[PDB]
Engineer: 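Please find one structure pasted underneath; my questions will follow.
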Amino acid sequence: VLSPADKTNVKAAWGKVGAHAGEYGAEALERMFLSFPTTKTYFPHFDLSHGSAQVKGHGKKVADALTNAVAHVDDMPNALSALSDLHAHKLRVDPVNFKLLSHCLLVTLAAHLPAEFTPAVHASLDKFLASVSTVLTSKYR
Amino acid sequence: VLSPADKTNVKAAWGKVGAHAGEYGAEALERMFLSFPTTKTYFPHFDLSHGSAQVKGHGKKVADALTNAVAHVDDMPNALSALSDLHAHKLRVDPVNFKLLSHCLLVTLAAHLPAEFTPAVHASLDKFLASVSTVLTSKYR
Amino acid sequence: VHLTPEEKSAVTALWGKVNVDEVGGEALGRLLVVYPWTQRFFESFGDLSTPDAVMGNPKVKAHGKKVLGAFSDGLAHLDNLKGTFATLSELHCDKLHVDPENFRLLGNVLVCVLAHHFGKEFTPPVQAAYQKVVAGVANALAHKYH
Amino acid sequence: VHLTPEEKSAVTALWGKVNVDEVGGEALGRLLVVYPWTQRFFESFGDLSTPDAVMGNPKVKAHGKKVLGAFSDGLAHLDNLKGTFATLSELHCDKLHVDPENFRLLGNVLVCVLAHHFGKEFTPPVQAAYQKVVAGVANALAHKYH
Ligand code: HEM
Ligand code: HEM
Ligand code: HEM
Ligand code: HEM
Ligand SMILES: *[C@@H]1CC(=O)N(CCC(=O)NC)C1=O
Ligand SMILES: *[C@H]1CC(=O)N(CCC(=O)NC)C1=O
């Protein structure tokens, strides 16, 4: 339901992330696992050590889904529809954990994109990630 | 957008509430103000005394918006759209307070619907109130 | 947490009425139905396939008696909730990896169960006294998380 | 709160590099921009209608310095946050009626501001240490609400 303003800021920030999107996805996951260790139990078949190849590969899938969501910003429910079923029905991800990963994504963007991470862009990225989270939790309505 | 099961469960429950919806909205407000006193500061020059005619008036407004949303479950963003600009911009209602009111609405419905408030109907009413709360906070998303 | 004399009396009288063999299972069953991500932690309890299966599940009934027993212990120790949940806090944090937001949800489900079973007797003041109790329990169980 | 000694060391070292005149202002202004319901508590601070207006607002900057000073007090008293924040807990609860969920939000905004200020230096381990600190400050400010 993002305002016009919010879509402009999100595309600009994500544009500059560019080919680093996978790296930043992987760093956001690492920050989440270290800051909020309850979240590690969703990844029992993963090497969660610093610089894990498996976490790098999973970061790419998360980043790709966000890239796709930015490209489909006006129709996010449909662009992430299968992911809601996976996260809610199969994986039973606690809704709190989406707030945790979203926060860790904002921290990662602030650490790498000091020029781009203005207060306006921060507010827009938070609204973009909450909207992504609302879709991924939507089989919890 | 509630599931078919949730829409059917909410309509059944709301039908049993029937003409008592305003009564239950007042009781839910009363319950919120007593259980969660931080919420009283959003009604600074209201009479918040037990059985307040003013709280009855407001309980009617809340109950009527919920009854309208039950009749418009497949288009709630449109049916509540007015209230969302209000609660975000003018009132600056903390998103947590929607969770507090929603809980007090469930307690009120439980205390009045001995037969109807089954675990599945409770789950559907929770999804319904969460969906209402999401529309009413959408100017933050 | 500190209840007024009025509030302690109200809490104790209602809790006397509570069926210790059933109310905990009712609260845990409703948690699992209402907030279905919570089933992730209870899959070894067996059949959770429908709301009736969850509510009739023998492991859910059995474990609910222990959850309610932990609440009854807390009601007897409002003054010292941290000690009354000390190792239970460690169990939920270190072994089970439960997010402490769910302790607030279970407290709120228990309040809804008391409202459902006791009807008009679960007055706004009685509810306000129970909201202090279940917040106090949730904060005590969250102690080891911070 | 339970920082390991290494986490306390990591937190203290970074905090020494924090500009006391600016970071509290940045964190408060971003709270007001990102979570606009929070503007309800600062309705006398003047124009908060645009990001640029908030971030350049002198009362926001002045108040932010006092907020950062209180975090500095928390970092110098990590084994007694409850006592350190007892007065401020009563103030926020009795006179301001601020929901304690907003204490968690301001702590997370401060973490974003430290990341913005320190770049790669704000490593995942340093962030994990700071999450324990801001969770403990929020917990301590919430104490009198219980
Ligand atoms: C911005 C939020 C999120 C996005 C965009 C996202 C995206 C994805 C994607 C694209 C997949 C892979 C689907 C496939 O390849 O078929 C996935 C899998 C998964 N996600 Fe998420 N996710 C998010 C949040 C979360 C959170 C918060 C958790 C848990 C704390 C989580 C846990 C998982 C798990 C466990 C998998 C399966 C991993 C495996 O075994 O391969 N996700 N997610
Ligand atoms: C189910 C949730 C809610 C519903 C359905 C709802 C509905 C309404 C309605 C219909 C009105 C009146 C609109 C008009 O006057 O034309 C209103 C006003 C208001 N609402 Fe909400 N509301 C909800 C939640 C909340 C919450 C959680 C708060 C605060 C804790 C809140 C605070 C107010 C206030 C302060 C007013 C204005 C009363 C006055 O000063 O005249 N609302 N709401
Ligand atoms: C907030 C109040 C809660 C209380 C008082 C409580 C109490 C207990 C107690 C006493 C046990 C030990 C059972 C035994 O070994 O006999 C336990 C175990 C457990 N609790 Fe909780 N708990 C609470 C909340 C939660 C929540 C919200 C979850 C998950 C969403 C959870 C998940 C578990 C699990 C998975 C076990 C292990 C059960 C097993 O496999 O045997 N608890 N809890
Ligand atoms: C979590 C960390 C927080 C800390 C450490 C903190 C600290 C403080 C301090 C030190 C003061 C006194 C200022 C003075 O000496 O003049 C204060 C006042 C105040 N705080 Fe907080 N605060 C926090 C969170 C919040 C939040 C989240 C809100 C609102 C959303 C808030 C709203 C206020 C207000 C309105 C005042 C009175 C300001 C005035 O009008 O002068 N605080 N706080
Ligand atoms: C500080 C602010 C506030 O609400 N309270 C009451 C705490 C409480 O609910 N105790 C039962 C304060 O003392
Ligand atoms: C997180 C969960 C937990 O049990 N604790 C306390 C002690 C512990 O084992 N930490 C390593 C937490 O801090």
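Numbers restart at 1 for each chain; the letters A, B, ... are given by sequence-line order, proteins then strands.
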Engineer: Is it the backbone or the side chain of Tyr145(D) that comes under 4.5 Å from a heavy atom of chain B, or both, or neither?
Structural biologist: side chain
Engineer: Let's test your reading of the structure: which of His97(D), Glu101(D), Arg40(D) forms the most heavy-atom pairs below 4.5 Å with chain B?
Structural biologist: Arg40(D)
Engineer: Take atom NZ in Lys139(B); do more than 12 heavy atoms of anything else shown fall under 6.0 Å from it?
Structural biologist: yes
Engineer: Would you indicate whether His143(D), at its atom NE2, is surrounded by more than 12 heavy atoms from other residues, nucleotides or ligands within a distance under 6.0 Å?
Structural biologist: no
Engineer: A quick test of your reading: do over 12 heavy atoms of other residues, nucleotides or ligands sit less than 6.0 Å from NZ of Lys7(B)?
Structural biologist: yes
Engineer: Only pairs of heavy atoms separated by less than 4.5 Å count here; which of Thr41(B), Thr38(B), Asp94(B) has the most with chain D?
Structural biologist: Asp94(B)
Engineer: Side chain, backbone, both or neither: which part of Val93(B) has an atom under 4.5 Å from a heavy atom of chain D?
Structural biologist: backbone
Engineer: If you count the non-hydrogen atoms of other residues, nucleotides and ligands that lie under 6.0 Å from CG in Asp79(D), is the total more than 12?
Structural biologist: no
